[PDB]
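Below you will find one chain, with nothing else, as structure tokens; this is the form deposited in one PDB entry, and questions on how it binds or moves follow later.
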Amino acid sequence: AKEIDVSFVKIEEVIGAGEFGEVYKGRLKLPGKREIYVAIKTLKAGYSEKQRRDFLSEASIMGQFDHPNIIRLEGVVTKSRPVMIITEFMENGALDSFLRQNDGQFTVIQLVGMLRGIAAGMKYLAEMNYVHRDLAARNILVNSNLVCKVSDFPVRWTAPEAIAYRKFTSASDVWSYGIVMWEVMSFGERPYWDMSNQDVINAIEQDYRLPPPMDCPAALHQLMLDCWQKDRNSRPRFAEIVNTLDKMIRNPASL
């Protein structure tokens, strides 16, 4: 929880809106240090003390992590009003909109590298006994070098036992990850397209699973299907997902 003097922060244009408030692009210039771009997360005007505490709890969770595929907390502004959370800036924004605006414009190996980064971030979260519960391409951010990082600290992304019995675990996080794999390899198609939420639940219970996206390697779609096994203990763990994607990257004939 590093405290940042607000005079070191220059707020520029709005780049997003979340549950808490607007997110801005900005510049952070600490004394003696090279300026960097940041995202500045703000809290909607008029917030109460309880809303302030809930907002800053995002920063306290984020500050526990230090991994190249988890969004980095630069610091917080809490000595002055309004409160702000300052994170690293991700030039290409959310992964789902990034892919939908770049349909077809990345190679399979680039997309696999994106997925490997997301899986490494999730492995790290799971090792720290953090269950994300909301993993989806809209909650992954992408930087200028196409590195993907988990952020956000929804029936069609949720494992069936999390829907039916409220059992959320890292294995339900792996189900969601398989949906993210399908989002990525389809360049941001909507999972299950225009099916209703109840139609999705009923179909999954009768063993429907999403088909391979166009031009998706068979081995990548099989890994999706492994993430979507009904029995949560049959799903691969994130450590195995990373190893599988690494082997695909090392042996690209397998794609």
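Residue positions are given as counts along the sequence shown, with the first one as 1. In this text, the rigid core denotes the largest set of C-alpha atoms whose superposition between the two forms falls within 1.5 Å.
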Please establish whether a third or more of the other compared PDB entries omit coordinates for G18.
yes
Give yes or no for this: do at least a third of the other compared entries, each modelling residues before and after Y47, lack coordinates for it?
yes
Might you work out how many residues are unmodelled in the deposited sequence between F153 and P154, and answer none, 1 to 3, 4 to 9, or 10 or more?
10 or more
237 to 245 set against 17 to 25, stretch whose average Cα temperature factor tops the other in the entry
17 to 25
Mean C-alpha B-factor comparison - 137 to 145 and 167 to 175, higher one
137 to 145
Out of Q222, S60, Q229, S186, which shows the largest CA B-factor listed in the entry?
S60
Tell me, please, which of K41, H67, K50, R190 has the highest C-alpha B factor according to the deposited entry?
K50
Pull the Cα B-factor of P82 out of the PDB entry and bin it into the chain's lowest, middle or highest third.
middle
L56: which third of its chain by C-alpha temperature factor?
highest
On the chain's distribution of Cα B-factors, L210 falls within the third called lowest
Where does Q105 sit by CA temperature factor within its chain: lowest, middle or highest third?
highest
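There is another form of this protein, the form deposited in another entry, and it is not shown here; the text below is about that form.
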Report the residue, chosen from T169, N92, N139, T78, for which the CA moves 2 Å or more between this form and the one not shown after the rigid core is overlaid.
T78
At a 2 Å cut-off on C-alpha positions, does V6 qualify as shifted between this form and the one not shown after fitting the rigid core?
yes
Aligning on the core only, does the CA of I201 end up 2 angstroms or more away between this form and the one not shown?
no
Compare the position of the CA of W228 between this form and the one not shown after a rigid core fit and state whether the shift reaches 2 Å.
no
